[PDB]
């Protein structure tokens, strides 16, 4: 808690990247992110913007990550299938010598 | 976190006029494991994220297991007309609802 | 600590006969920011201490400031009506009779 | 480290819910019943025990066992029967069994 | 903190025109234990807060107690004679004119 | 049993009898094993259900005691009462 | 295999051969696998004790050990020479 | 992290004593002289500089450089000449040279 | 030079020019070496006397920058002013 | 040599031979020395890079490695059998 | 600092043990220990007792180890030469197979 | 600790009537390295413990190197008649030597 991401200094996101029988799928945990201003633009960069809590509004519990969230991915980058379901950004991308 | 020793989940609890709202973050949760079974005293939210696919070894940074949270509040909120919503991997809970002398 | 994420405050609680005494430390607090919100059986103590100007150059900044809050879960033994509160020497002594 | 009456030290506990009996277990090895006091009403169940301290002048070889006042505050819901509580002390283990009084119709929340 | 090994106290120092102000936080302190010992150019602030009875059973012990001390090395700009000290709301505001 | 956890122990010299005390609350005597040979005493003990709390430590507990030549290792008295394993070895 | 442990390696540039050494103490060669991409070279190896064999002390790190080495374009990727001597995997890559 | 005017951040410094000149060095890369203020009397030498902050709305790729108010309080003995101090700023390095005014007869303590 | 320390750096995209800034105060230009080949930029710099204080970090400082295919690696501008190594690479 | 680093070892009791294994990746045998006392056995070995050979990355632990093993009286101290295979120093002590 | 040794729970002492051309000498750092009640009694145990500071006496600096100091040494134990000089307890005591 | 970056040494400074006493702990210190050279403003105590014998490798828990300590006090103590003693590895230093309104 109290660890947010400035627009200049963002916060990294969790993700599980695995290869199935013939797919290369990454899954980024992205809950409560409804802003279509999130930009998943050699490398694939995933960016999202979750709003910040009002300091004047007195909430008795403020324990959740908010702000700017980003993650760069060094890796066919043309036909990728992105799907947002249940708050999960699912991105689907396609020696025996010795001495 | 296992069932015996559960892990804590994030939440934000704020009072919004007529409705007190507390929101948990449970992304990609299957409903067969999400259970908030409790009585009138407290409000316990339990949920289970499945372990990694045993046949699918990956190159694994997302937390999984059992996440639980106990909310101890007063007798004010009516526990009968509670409203729950699971949207965008968010568990939004909406529960509806003198002074003392100028200190010496 | 801001109003969203408050910083806790110290307190000493002891049962003195038929008078359960709690003691909070609030040195130098204006009464307009002090708010003792009480509900069914929980006593919520909130107070606001002003913040330092970031541009004002002070040689030492060691005193904690901001929003200080503390929730008190009380059993059904103390009467939430009759209560006596005092503020002496920057001390918030609350006194709740019991049964 | 060491728990005093004003600042008590926490004690280990294992709590599990049997079908008919809700069980809590506290680890209190070598405790005298004269100091062991489960004094509380039917609201919050607080276990307070006291283990005597060591003489600062006595010269022991190894002082590794924790001593002093141990206390644990347990907040229970409205499901446990308060009067018919059972308590036992076996092999330095304080086993407490509390029956559960469940309601006829439970609540299932819609989403 | 005991008298041999004292625990430090918070303070805020700022130069207000010809009045250098220091502010110590001493909530609930009896004046018989407060001792402001001054020497050549060093201002030593000492205060004693009583300790809790170890045998008295209190449900919460969170407030720091014992001997609180603080040494202040001051330059040759402030007059060590004319000084004005106040204790309001558990606050020890010392005010030393300058040159 | 490969990586054991350590157990608390208070030892003092009571005149003719040197006494060591271990805290083993709620231990089955079938698992309590005290293996000693020559001048070293080895104390070994052994102790997903949606539990409300699981604060008590469990598993294999062990303690390795290197003793001097001042105590007779053959005549050693041991008792287990109130969850305490008290061992007294004369001088 | 999913979450591997890192290996100790040291790389120095010989006059004509850049040499990187890995510490692989007692890894069965059937588990040793050197999979190299275009300009990166990944060294993987597997080395766990069976629970029915009760050990008095287990301190050696076991499991999956891996390392992903990002190399420059100045090294030829075809004629690399590896050896496994005294539990050291000596990789010698010419230039 | 970030130093403000009320809570300033410390700055690195290397101080060594030459035979004739006592030298102190501060690391202030990319500092504007309008904010750099060595304002103090002949008692304690305090170096106070200010580096502008970053716009919270501007989207940078990496924000790793420390910014804000940097301050350093230096307590010196009665050996340094106060008036004839030399100050320079070269390659983001604040080099300060202060002559030393030693006494004729020094003290050697007996034990 | 085997185990180098990392240096601070602020990078941002200024329209046609992507600018990265390193803090190298009081560095000799003979030791400042910027080795770059293909799409990776490597920045390397090098910086008992009874001193009163030795708070300034010294030794070998290095930084490894992995860049994308969006910038031309041949035409890169560099400057060293006020102890700051500013490198601007066009898009 | 004065302050040595510890070694990873694992010991298990075979049916008739208690075996303890050490990880010694690429230690020249001239520096390997096994000095055993009455009932204790001390394994010492030496493995440092020269400064004139500039390395791009140095991560392998080097220097003096040692281990003092306190054994019981149930092991015969005369007919021990040691091997150094795949950088593993396998000590086999009968009973 | 503030780390002392109870008579029951003592504090360990530093020592340098080395073998010369024909000696086995251990050197224990023991400054300001003048009590002859210090007892250096298969194993050699070194014990010493340094007095404790008075809590009532207000000292402005109390940063040094005091109290009970002990150290056990597992090792001809008959003719040993002990010497205390400059606050230093100097104790002087006298396979090529593979596969 | 080296000469550039020295290590701190323990001490106890208490006011004993006519004499203010501050004691340092320097066990087994050779006098050729112990030097407390300072002026009237502060009191700086420096001492150097020799590094381990290069020809004598041991099986080394005693700290060595350069230990220094700076004592900043007021102008009260007379810096002329200071008394120093080195006994039992202890450096005992003996230096000889209005109110304000009841706070509002």
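At a glance:
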{"quantity": "Within a Gaussian network of chain C (alpha carbon springs, distance under 10 Å), most fluctuating of C:49, C:65, C:82", "calculated": "C:82"}
{"quantity": "Neighbour-count order for D:63, J:58, F:31, fewest beta carbons within 10 angstrom listed first", "calculated": "F:31, J:58, D:63"}
{"quantity": "For region I:3-91, alpha-carbon Rg relative to the globular expectation (2.2 N^0.38 Å, N residues)", "calculated": "1.22"}
{"quantity": "Descending Cα extents along the principal axes, chain L, whole Å", "calculated": "66, 33, 23"}
{"quantity": "FRET E, pair residue A:97, residue K:11, Förster distance 56 Å, beta-carbon r, rounded to 0.05", "calculated": "0.45"}
{"quantity": "Spin-label pair residue K:22/residue G:68, simplified geometry with 7 Å Cα→Cβ offset, distance in nm", "calculated": "6.4"}
{"quantity": "Whole-Å distance, taken between Cα centres, linking region C:54-74 and region A:35-99", "calculated": "35"}
{"quantity": "Projected-area average for chain E over all orientations - Cα convex hull basis, square nanometres", "calculated": "7.4"}
{"quantity": "Exposure proxy ranking, count of Cβ atoms within 10 Å, fewest first, for L:67, A:24, J:18", "calculated": "A:24, J:18, L:67"}
{"quantity": "Sites residue H:102 and residue L:72 - FRET efficiency at Förster radius 22 Å, r taken between beta-carbons, to 0.05", "calculated": "0.65"}
{"quantity": "Cα point-scatterer Debye curve for chain J, base-10 log of I(q)/I(0) at q = 0.10, 0.19, 0.21 Å⁻¹", "calculated": "-0.31, -0.93, -1.10"}
{"quantity": "Burial ordering of C:87, I:80, fewest other beta-carbon atoms within 10 Å first", "calculated": "I:80, C:87"}
{"quantity": "Choice from C:57, C:16, C:39 showing the highest fluctuation, given a GNM over chain C with Cα pairs closer than 10 Å", "calculated": "C:57"}
{"quantity": "Max mean-square fluctuation residue, GNM over chain C, Cα-Cα springs under 10 Å, options C:78, C:59, C:26", "calculated": "C:59"}
{"quantity": "Region G:46-63 versus region J:34-95: alpha-carbon centroid distance in Å", "calculated": "19"}
{"quantity": "Hull volume in cubic angstrom per residue (convex hull over the Cα atoms of region A:1-64)", "calculated": "134"}
{"quantity": "Where labels lie 7 Å past Cα in the beta-carbon direction, separation of residue B:56 and residue D:20 in nm", "calculated": "4.5"}
{"quantity": "Residue F:39 paired with residue D:81, simple spin-label distance in nm, labels 7 Å along Cα-to-beta-carbon", "calculated": "6.2"}
{"quantity": "Distance histogram for the protein assembly as shown (every C-alpha pair counted, 10 angstrom bins, percent rounded to whole numbers)", "calculated": "1, 7, 11, 16, 20, 21, 17, 7, 1, 0"}
{"quantity": "Convex hull (Cα only) mean projected area of chain H, reported in nm² to one decimal", "calculated": "10.3"}
{"quantity": "Separation of alpha-carbon centers, region F:49-74 and region C:1-20, rounded to whole Å", "calculated": "40"}
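Bear in mind that the values in this text are calculations on the coordinates, not laboratory data. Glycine also receives a Cβ, built like all others from the backbone with ideal geometry; neighbour counts cover every protein chain displayed.
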